[PDB]
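Peer 1: before the rest arrives, take these chain(s) from the complex:
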Amino acid sequence: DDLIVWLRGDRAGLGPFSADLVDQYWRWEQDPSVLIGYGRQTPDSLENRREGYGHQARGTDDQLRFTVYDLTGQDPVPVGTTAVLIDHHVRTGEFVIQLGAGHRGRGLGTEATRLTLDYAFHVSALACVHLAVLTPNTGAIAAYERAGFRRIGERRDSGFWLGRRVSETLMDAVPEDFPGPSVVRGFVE
Amino acid sequence: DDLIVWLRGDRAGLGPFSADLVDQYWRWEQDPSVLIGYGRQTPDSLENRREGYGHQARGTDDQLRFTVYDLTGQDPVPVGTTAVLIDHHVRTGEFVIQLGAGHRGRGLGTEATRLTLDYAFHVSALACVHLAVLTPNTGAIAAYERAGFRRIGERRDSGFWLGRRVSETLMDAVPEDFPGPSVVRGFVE
Amino acid sequence: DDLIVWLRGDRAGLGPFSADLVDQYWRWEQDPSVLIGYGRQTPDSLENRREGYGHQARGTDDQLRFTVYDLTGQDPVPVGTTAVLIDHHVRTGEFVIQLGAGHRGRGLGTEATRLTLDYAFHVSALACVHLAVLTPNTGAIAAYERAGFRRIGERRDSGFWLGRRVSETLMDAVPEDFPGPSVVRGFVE
Amino acid sequence: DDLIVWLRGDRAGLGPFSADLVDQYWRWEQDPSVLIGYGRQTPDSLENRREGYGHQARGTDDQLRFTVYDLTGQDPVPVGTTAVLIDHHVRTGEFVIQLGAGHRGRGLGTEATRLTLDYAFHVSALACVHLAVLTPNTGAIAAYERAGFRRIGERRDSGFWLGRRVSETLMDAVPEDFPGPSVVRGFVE
Amino acid sequence: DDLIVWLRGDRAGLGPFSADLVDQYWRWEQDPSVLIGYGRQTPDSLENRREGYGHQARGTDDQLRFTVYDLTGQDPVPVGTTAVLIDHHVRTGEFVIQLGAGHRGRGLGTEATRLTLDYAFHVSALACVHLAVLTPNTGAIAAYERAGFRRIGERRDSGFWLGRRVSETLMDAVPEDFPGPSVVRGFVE
């Protein structure tokens, strides 16, 4: 009961950024695969993450942070994190997502991104959600495309993939391109 | 016995803004339906709510905060929150209200608003209580109309409803339009 | 040359909220006519205004503050102040204006409000600008109507006019109702 | 002699971010045309700019800030500002530029951007310099294209132009696409 | 389960710089053999190491710190430490390593250095990793040579070995000289 779930999809759900899962968030973010995908170069310390959780918690006016839950089992189980950095001046946000090592390839990322887009479009009233992802990360490309993102173009020589200089793909999503039924509309109506 | 009830209606009651219910207030305020109704775009953190409860508690000179109780059962059970921001210079206040997910549609909001208006008119000696509510939120419109509010007009293009730009309805209430018997008069006489 | 003018109309102009005019802003705001029009009940001190100017200056992210200049003479002369409190979440702002004692009735308020609306619509990208003004203040009503505001309704018994309890008129403006040519478009094109 | 010039082109030059020009930087940045081009919605105060200059000055490890000088006259005259926010992890930077009201259309922006790219490529050893510019700002598009930037794509509905929701064009530059002779190579060889 | 292992080789593995092992890190670093190999002259205190662990933990932006685990047994057991001081301006890092007294001569240092080089090359995207080691320390020379380092030269009379003034050997490693399969590539692909 301690795990609150706000949006419930068919396969995944979103909840608050609970403080009981700071260690799990650290362990998820420190995985080498996540570091390669994000492009971060150095591991962060658990103490620094614990200290930074408070500053993340106070600064929630222009920041969306959700815990992704797997709803296929009897009870929800946290599997990843989604975040949107909101620029209230232009109604746009920047989207990031990561899942656990054992929860990838089961589809959860697609519905997690779709639910995050639903929340950003129908609750935060954002006009555009965009992201930057390294080109070789084709799985993330497919997940974002099926979630509702569209390709903008390639920013040449602005990232590293296994030490090699590669471009990154810029993608964006708009409310009129949002696929599937919206859970938020079910909440309102 | 810890749950103090000040005003007792037929279906609902009002009590103090207890500190034992900060987590419940957070959970009520973080519901997607409440966020859509209020028009808030980003969820707030539990730690920030716990920290802000103190600043709410000290600043009570020009702020009314009540906990709504359901009195249909054997014991009172908290179901929502009401608040009035008082401007002592002109004897006016701004009214907000929200109930829990499982307590809506049973009428409790109407008597909660009526009791809050009774307290504001006959204890706080306010000359006018007003609110701003999004136009598509028709249930709140009906609740406020039956509670004693009257429609002023529509403020064009000043809010978002499921990402769509919509107007909001401005409403006000005056003591001479207060319906039904007053509990405060029973307290005094 | 020290008086910077950003927007230049036919009769009036807008400039920055200069620190060399804090005493003049105080003297303008302390006039009994301005106190009656705004509805403020107690005079403010010059020292408090000087201290508060800094806090006004730092907090400019969601606040527009202009100095109104009379351009009918050879050189610009400050005659009043305009301000818009911006709510970036919904792209709306609240508008206030006051002129000097000897500068009223010459029309400067109308073009000052029109230029402020032009700046808010075409630079700040606001979807709605609204204000609250006491009903007996008919001159301000006419100025706002000719500037581009439209009447919403009357909020009953929410203000004092010469000690008498009176209602206040709520007005709003939208970009599609903006009259006349836009100076900002001339700046861009 | 107080105006130091580091890079000297045929028409323009770059110098340090002098503290004697904080007021001029403020006046340049506060022009309505610059606000429209950047997409900033509210004017900043002179006191806030003076206070922020120090924090800009200390934080120079990952920030390039230049003053653009017009070298067509007998002595250099400052006309604008260029800045590159450097991300040392991936050797990329984000580029912004603005000129004075009376210095546009004379070509100075093109050589200013070219010299900034030369400095970033041959001194800062950046692999990619990118920018985001509103689509209707066609003059900036042409200036960046002739300076050495290439179009990536359009980010839909992520900015405002005169109150209208418009897309912004993403551009990038790479060392192998740098046009013209390099001044830095003349410095080294 | 508390011992997290990120990279797993055939004989050794790398994990985070856990706070539960500060005393063990102190005891490893205070061994006379480690002091002779590093060239440190005075022992450090346990209290100073405990205090300094926090400052090490916060400063992780340009610092890699791993705990070396022996994977030959049933469960991982910490045996040493590896560290890389990263200079993000030139994509280079300085490498140090030490093992426990009872864990030397079993080969663990070679694979520990190889895995650290793999992490630095394919996750941190470093172009060169270098170290300085005293010339008489021939075992470390052989370990670094088999791990992937190449000899640069000897810096004359810049260190002490058992009180005698000796030179130190400078070594470096580049991605194109990295031997063996890469674990990070297995993580990505």
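Peer 2: Received, thanks. Residues are numbered from 1 along each chain as shown, chains lettered A, B, ... in the order given.
Peer 1: And the helices in chain A?
Peer 2: A:22-29, A:32-38, A:46-58, A:108-122, A:138-147, A:183-188 (DSSP state H).
Peer 1: Can you add mean neighbour count and give those helices back as a markdown table?
Peer 2: For every residue, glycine as well, the C-beta is placed using N, CA and C. Converted to a markdown table, the helices of chain A look like this (neighbours: other CB atoms under 10 Å in any protein chain shown):
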| stretch | mean neighbour count |
| --- | --- |
| helix A:22-29 | 18 |
| helix A:32-38 | 19 |
| helix A:46-58 | 16 |
| helix A:108-122 | 25 |
| helix A:138-147 | 17 |
| helix A:183-188 | 17 |
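Peer 1: Could you dump those helices into JSON lines and include distance to chain D?
Peer 2: As requested, the helices of chain A are exported to JSON lines (distance: least, CB to the nearest CB, whole Å):
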{"stretch": "helix A:22-29", "distance to chain D": "16"}
{"stretch": "helix A:32-38", "distance to chain D": "11"}
{"stretch": "helix A:46-58", "distance to chain D": "17"}
{"stretch": "helix A:108-122", "distance to chain D": "12"}
{"stretch": "helix A:138-147", "distance to chain D": "15"}
{"stretch": "helix A:183-188", "distance to chain D": "19"}
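Peer 1: Nearest to residue C:56, out of the ones you listed?
Peer 2: Closest of the helices of chain A to residue C:56 is helix A:46-58, at 24.7 Å (criterion: CB to CB).
Peer 1: ok, and what's touching the closest one?
Peer 2: A:17, A:19, A:22-23, A:25-26, A:29, A:63, A:65, B:45-48, B:51, E:16, E:19, E:54, E:57-58, E:60 (CB atoms under 8 Å, 6 or more residues apart in numbering or on different chains).
Peer 1: And it, how far out from the chain middle?
Peer 2: 18 Å (CA atoms, centre = their mean, to the nearest Å).
Peer 1: and stretch A:133-141, how far apart are its ends?
Peer 2: Chord length of stretch A:133-141, first to last residue, is 8 Å (CA to CA, to the nearest Å).
Peer 1: Please state the offset of that stretch from the chain centre?
Peer 2: Worked out by CA atoms, centre = their mean, stretch A:133-141 lies 14 Å from the chain centre.
Peer 1: Ok, stretch A:122-136 next?
Peer 2: With CA atoms, centre = their mean, you get 9 Å for stretch A:122-136.
Peer 1: now for chain F, put it on the one above:
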Amino acid sequence: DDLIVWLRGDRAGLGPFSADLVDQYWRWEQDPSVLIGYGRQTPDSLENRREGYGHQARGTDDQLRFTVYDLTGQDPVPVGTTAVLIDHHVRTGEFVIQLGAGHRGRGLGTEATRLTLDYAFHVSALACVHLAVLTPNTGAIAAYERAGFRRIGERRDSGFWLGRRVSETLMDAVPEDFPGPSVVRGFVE
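Peer 2: Chain F goes in next, on the same frame as the chains above:
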């Protein structure tokens, strides 16, 4: 008379790190040629240099800082800076040097480096002075070789020269290889 000269060579001399020349030190260090030679990527601010001069001045226990004077004229004139970072544990130091734009190619760097080596060897009692210099900087190579440095080797791919990844040459100097007469011996005997 304010310019103190400690060591006097035939062409150049060394003096204290005077506080009257902080602006000149800034201007010398900010030259693009000096930035290319050192490998620094971003310019530093004058205010930051003025603030950092104090911290340089207090920390003089393990730091040598000299002002290079040209003694060919009637009076000494400052032309550059030399610095040695001393590691008292092993009696070694790291050497850097830069001259002004108009003072290069006249030989002053060679005698400045020779006098700095004389001071480090015969006053600081250092056993080895070493430096790291980019390979394409052949003029500095020749200056260091004639001053008394000897080549150690090349550290592959650890620096940038005009945006190109290049190696840097490591050099060292020992007292027994010090050329020419020593001024310090003339001081003592």
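Peer 1: Chain F added, so what about the contacts of helix A:46-58 now?
Peer 2: A:17, A:19, A:22-23, A:25-26, A:29, A:63, A:65, B:45-48, B:51, E:16, E:19, E:54, E:57-58, E:60.
Peer 1: and the angle from it to helix A:22-29?
Peer 2: 110 degrees (axes from the mean of the first three to the mean of the last three CA atoms, to 10 degrees).
Peer 1: Right, and chain C sits closest to which residue of chain A?
Peer 2: Proximity of chain A to chain C (CB to the nearest CB) peaks at residue A:88, 4.1 Å away.
Peer 1: In this structure that residue contacts residue C:88, no?
Peer 2: Yes. Residue A:88 is within contact range of residue C:88, at 4.1 Å (criterion: CB atoms under 8 Å).
Peer 1: Identify the contacts common to the two.
Peer 2: Counting by CB under 8 Å, 6+ apart, nothing touches both residue A:88 and residue C:88.
Peer 1: Neighbours of the residue of chain A closest to chain C, how many?
Peer 2: Per other CB atoms under 10 Å in any protein chain shown, the neighbour tally for residue A:88 reads 20.
Peer 1: distance of it from residue E:78?
Peer 2: 47 Å (CB to CB, to the nearest Å).
Peer 1: Likewise for residue A:54?
Peer 2: From residue A:54 to residue E:78 the distance is 30 Å (CB to CB).
Peer 1: my read: residue A:172 touches residue A:150, true?
Peer 2: Yes. Shown here, residue A:172 and residue A:150 form a contact pair, counting by CB under 8 Å, at 6.2 Å.
Peer 1: Neighbour count: the two, which is higher?
Peer 2: Neighbours were tallied for residue A:172 and for residue A:150 using other CB under 10 Å; the higher tally belongs to residue A:172 (24 against 13).
Peer 1: Okay, and the beta partners of the closest residue to that one other than its chain neighbours?
Peer 2: Once flanking residues are discounted, residue A:172 sits nearest to residue A:130: 4.2 Å by CB to CB, 6 or more residues apart in numbering or on different chains. On the basis of DSSP bridges, residue A:130 is bridged to residue A:94, residue A:172.
Peer 1: Could you count how many residues lie near residue A:130?
Peer 2: 19.
Peer 1: And for residue A:151?
Peer 2: 13.
Peer 1: show me what contacts the closest residue to it other than its chain neighbours?
Peer 2: Take residue A:151 and drop its neighbours on the chain: the residue closest to it by CB to CB, 6+ apart is residue A:171, 5.7 Å away. Contacts for residue A:171 (CB under 8 Å, 6+ apart) come out as A:130, A:131, A:132, A:133, A:141, A:144, A:145, A:149, A:150, A:151, A:152.
Peer 1: Another chain to add, chain G:
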Amino acid sequence: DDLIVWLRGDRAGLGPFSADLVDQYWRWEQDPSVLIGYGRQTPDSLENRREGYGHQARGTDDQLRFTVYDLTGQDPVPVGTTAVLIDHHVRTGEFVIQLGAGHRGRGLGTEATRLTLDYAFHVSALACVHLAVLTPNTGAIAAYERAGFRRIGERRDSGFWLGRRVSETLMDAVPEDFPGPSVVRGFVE
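Peer 2: To build on what is shown above, here is chain G added in:
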């Protein structure tokens, strides 16, 4: 196991300056015989020693502090303290030693001093270790002579022995005069 032993001789050993033995260090240092031998005139308080232990612990860059253990029994037992104050500028140190009341005359002081000299010569790379000891303290003279110290001379009238003004003997030790096998060499080879 809590008692760490670094250097192990035939009769005595050296370990870290443990914080669990602050009271024992106080009791050893407060003995009247130790006060007479050192020449200290007033007893120190236990609280002051406990407070000063921290400042001793942080300041370990130029300070060697060991706990002397008696290794003749089954388990090591602390019997005294040795300390060397290191002057890194000239590679020299000042040596002091004291043992417990019941541990003197068994030879432990000789091997404790010899092991401290071994550590200072072969780990700290000190060129000279010196001490000052009162002339009537003949037992300490013999211990230092057999440990490896040589007599320099007598400093006339610079100390008190039982209230009588006496001279003190100055002694020094050099690496080439170090007797017996070195444990540190066994550690290295």
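Peer 1: And whatever residue of chain A ends up closest to chain G, how far from residue B:186?
Peer 2: Using CB to the nearest CB, the closest approach of chain A to chain G is made by residue A:47 at 20.9 Å. Distance from residue A:47 to residue B:186, counting by CB to CB: 59 Å.
Peer 1: Settle this for me: residue A:166 is touching residue A:155, isn't it.
Peer 2: No. Assessed by CB under 8 Å, residue A:166 is found out of contact with residue A:155, at 10.2 Å.
Peer 1: number of nearby residues for the closest residue to chain D within chain A?
Peer 2: Chain D sits closest to residue A:153 of chain A, with a gap of 3.4 Å, by CB to the nearest CB. Number of residues near residue A:153 (other CB under 10 Å) recorded here: 18.
Peer 1: which parts of chain A sit against chain G?
Peer 2: Within chain A, no position is near chain G by CB under 8 Å from any CB of the partner chain.
Peer 1: Tell me the residues of chain A that contact chain E?
Peer 2: So far as CB under 8 Å from any CB goes, chain A lies against chain E at A:27, A:30-33, A:35-36, A:41-48, A:51, A:136, A:160-163.
Peer 1: ok, residue A:162 - contacts?
Peer 2: A:36, E:122, E:182, E:184, E:185, E:188.
Peer 1: do you know how far it is from residue D:126?
Peer 2: Distance from residue A:162 to residue D:126, by CB to CB: 21 Å.
Peer 1: Over to residue A:132?
Peer 2: Counting by CB to CB, the gap from residue A:132 to residue D:126 is 17 Å.
Peer 1: Which residue of these two possesses the greater neighbour count?
Peer 2: residue D:126 (29 against 16).
Peer 1: what's the closest non-adjacent residue to the more buried one?
Peer 2: Looking at residue D:126 with CB to CB, 6+ apart, the closest residue is residue D:120, at 4.6 Å.
Peer 1: Check residue A:95 too.
Peer 2: residue A:131 (4.6 Å).
Peer 1: beta partners for the closest residue to residue A:132 other than its chain neighbours?
Peer 2: Of all residues not flanking residue A:132 in the chain, residue A:168 sits nearest, at 5.2 Å (CB to CB, 6+ apart). Residue A:168 has these beta-bridge partners by DSSP bridges: residue A:134, residue A:155.
Peer 1: Residue A:168 reaches residue A:152, doesn't it?
Peer 2: No. Judged on CB under 8 Å, residue A:168 makes no contact with residue A:152 at a distance of 10.8 Å.
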